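Chemist: If you scroll down you'll find the structure; I have some questions about it.
Number of protein chains: 2
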Amino acid sequence: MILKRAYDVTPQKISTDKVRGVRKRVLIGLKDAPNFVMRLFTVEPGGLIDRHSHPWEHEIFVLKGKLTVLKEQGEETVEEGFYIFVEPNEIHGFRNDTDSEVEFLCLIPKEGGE
Amino acid sequence: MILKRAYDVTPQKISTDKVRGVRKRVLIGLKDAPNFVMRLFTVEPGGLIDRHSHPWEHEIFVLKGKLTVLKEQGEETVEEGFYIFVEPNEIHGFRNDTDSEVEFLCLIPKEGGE
Ligand SMILES: [Mn+2]
Ligand SMILES: [Mn+2]
Numbered sequence: 001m002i003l004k005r006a007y008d009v010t011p012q013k014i015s016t017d018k019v020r021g022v023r024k025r026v027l028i029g030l031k032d033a034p035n036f037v038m039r040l041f042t043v044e045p046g047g048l049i050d051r052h053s054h055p056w057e058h059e060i061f062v063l064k065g066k067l068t069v070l071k072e073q074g075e076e077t078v079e080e081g082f083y084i085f086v087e088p089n090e091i092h093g094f095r096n097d098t099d100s101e102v103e104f105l106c107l108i109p110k111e112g113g114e
Numbered sequence: 001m002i003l004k005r006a007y008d009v010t011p012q013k014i015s016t017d018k019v020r021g022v023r024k025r026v027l028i029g030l031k032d033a034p035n036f037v038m039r040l041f042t043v044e045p046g047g048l049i050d051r052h053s054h055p056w057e058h059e060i061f062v063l064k065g066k067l068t069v070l071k072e073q074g075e076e077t078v079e080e081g082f083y084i085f086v087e088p089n090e091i092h093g094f095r096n097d098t099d100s101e102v103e104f105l106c107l108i109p110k111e112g113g114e
């Protein structure tokens, strides 16, 4: 049994073509878990995970702040206490339109990576 | 994409010998999920999920309050922002030793039910 403070995990700041202003923490990863993985994402004010898709699902829980969710033909801003399920191959992305950091847990099957 | 307020999902109170002072909400259940499910548990002050084991893992994230984790040979109390991975067949239980409600997300592979 691993019991850990999520904040104590070293984050990877993520800077790509599609991602900026985002830190990722892998809480429970591929070496720990037989089936799925748990990450914690922090998005800085104005941070972006642009639209993309992949052949595996996301189960997400919004932990802090107002999270803007990008969809194929629209967006929806939700907040802390919402859960989100993205089906395999469904176009999605995220953005922080607020002036404070937003946090969300994101879980994916091990096929998806980590 | 499902986007919903967790608190809007119908809670199942449980009042039995081994599991009491608990409310369970299935956020992403077996009709929605190809691989694993997402539940939210609220534990009232003094509530209890007694020690047990089963042949599937738990991945857990503590959302609010101070949660006491019962282990084979001990106990460890963690706070919101902590995560817990319980290995398959590992003895585990939970208790709320505080005077306020505790909330945690709990996910298991679909093999484990709901
Ligand atoms: Mn994605
Ligand atoms: Mn259990």
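One line per chain: the protein sequences are U and Y, in this order.
If you're matching positions, the first sequence starts at 1 in the UniProt record's numbering and goes up one per residue.
If you're matching positions, the second sequence starts at 1 in the UniProt record's numbering and goes up one per residue.
Ideal placement from N, C-alpha and C gives every residue a C-beta, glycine not left out.
(1) If you follow the beta strand (DSSP E) that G29 of chain U is part of, which residue opens it and which one closes it?
(2) By the 10 Å Cβ neighbour count, where 16 or more other Cβ atoms means buried, how is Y7 of chain U classified, buried or exposed?
(3) Between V69 of chain U and chain Y, is any beta-carbon pair separated by less than 8 angstroms?
(4) How long is the line joining the alpha carbons of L48 of chain Y and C106 of chain Y, rounded to whole angstroms?
(5) With a 10 Å radius around its C-beta and 16 neighbouring C-beta atoms as the bar for buried, classify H58 of chain U as buried or exposed.
(6) Run the proximity test for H54 of chain Y: is its beta-carbon closer than 7 angstroms to any non-hydrogen atom belonging to ligand 3?
(7) Can you tell me the Cα-Cα spacing of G65 of chain Y and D97 of chain U, whole angstroms?
(8) Straight-line CA distance for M38 of chain Y to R23 of chain U?
(9) Just checking my contact of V9 of chain Y with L27 of chain Y at CB under 8 angstroms: how many whole Å lie between their CB atoms?
(10) Distance check for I14 of chain U and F85 of chain U, CA to CA, integer angstroms please.
(11) In this structure, how does DSSP classify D97 of chain Y when only helix, strand and coil are distinguished?
(12) Is there at least one Cβ from chain Y nearer than 8 angstroms to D97 of chain U's Cβ?
(13) Taking the beta strand (DSSP E) that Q12 of chain Y belongs to, which residues open and close that run?
(14) List the residues that DSSP assigns as beta-bridge partners of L63 of chain Y.
(15) If we ignore side chains and look at the alpha-carbon of each, how far apart do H54 of chain Y and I91 of chain Y end up?
(16) Using a Cβ-based criterion (distance less than 7 angstroms to any ligand heavy atom), does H92 of chain Y qualify as near ligand 2?
(17) Under the rule that 16 or more other beta-carbon atoms within 10 Å means buried, what is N89 of chain U, buried or exposed?
Modeler: In brief:
(1) Residue 29 of chain U sits at position 29 when you count from the first residue of the first sequence. Here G29 of chain U belongs to no beta strand (DSSP E), and DSSP marks it neither H nor E.
(2) In the first sequence, counting from the first residue as 1, residue 7 of chain U sits at position 7. Exposed.
(3) Locating residue 69 of chain U in the first sequence gives position 69, counting from the first residue. Judged by the 8 angstroms Cβ criterion, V69 of chain U is in contact with chain Y.
(4) Here the question's residue 48 of chain Y lines up with position 48 in the second sequence. Here the question's residue 106 of chain Y lines up with position 106 in the second sequence. CA-to-CA, the gap between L48 of chain Y and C106 of chain Y works out to about 15 angstroms.
(5) The residue you call residue 58 of chain U lines up with position 58 of the first sequence. Around the Cβ of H58 of chain U, a 10 Å sphere holds 16 or more other Cβ atoms; the residue is buried.
(6) Absence of ligand 3 from the depicted structure is noted, with ligand 1 and ligand 2 being the only ligands included.
(7) To locate residue 65 of chain Y, count along the second sequence from 1; it is residue 65. To locate residue 97 of chain U, count along the first sequence from 1; it is residue 97. Their Cα atoms are separated by approximately 28 angstroms.
(8) Indexing the second sequence from 1 puts residue 38 of chain Y at position 38. Indexing the first sequence from 1 puts residue 23 of chain U at position 23. Roughly 23 angstroms separates the two Cα atoms.
(9) If you number the second sequence from 1, residue 9 of chain Y lands on position 9. If you number the second sequence from 1, residue 27 of chain Y lands on position 27. At roughly 6 angstroms, the Cβ-Cβ gap stays under 8 angstroms, so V9 of chain Y and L27 of chain Y are in contact.
(10) Working through the first sequence from its first residue, we reach residue 85 of chain U at position 85. Working through the first sequence from its first residue, we reach residue 14 of chain U at position 14. C-alpha of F85 of chain U to C-alpha of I14 of chain U: approximately 22 angstroms in a straight line.
(11) If you number the second sequence from 1, residue 97 of chain Y lands on position 97. DSSP places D97 of chain Y in coil when its eight states are reduced to three.
(12) Here the question's residue 97 of chain U lines up with position 97 in the first sequence. No, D97 of chain U does not count as interfacial toward chain Y.
(13) As a position in the second sequence, residue 12 of chain Y is number 12, starting the count at 1. First-last of the beta strand (DSSP E) with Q12 of chain Y: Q12 to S15.
(14) The sequence position of residue 63 of chain Y within the second sequence is 63, counting from 1. Answer is none; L63 of chain Y lacks a bridge partner.
(15) Position 54 of the second sequence, counted from the first residue, corresponds to residue 54 of chain Y. Position 91 of the second sequence, counted from the first residue, corresponds to residue 91 of chain Y. If you take the alpha carbons of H54 of chain Y and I91 of chain Y, they lie about 8 angstroms apart.
(16) For the purposes of this step, residue 92 of chain Y is taken as residue 92 along the second sequence, with counting starting at 1. Yes - ligand 2 has a heavy atom lying nearer than 7 angstroms to the Cβ of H92 of chain Y.
(17) The sequence position of residue 89 of chain U within the first sequence is 89, counting from 1. Exposed, since its Cβ has fewer than 16 Cβ neighbours within 10 Å.
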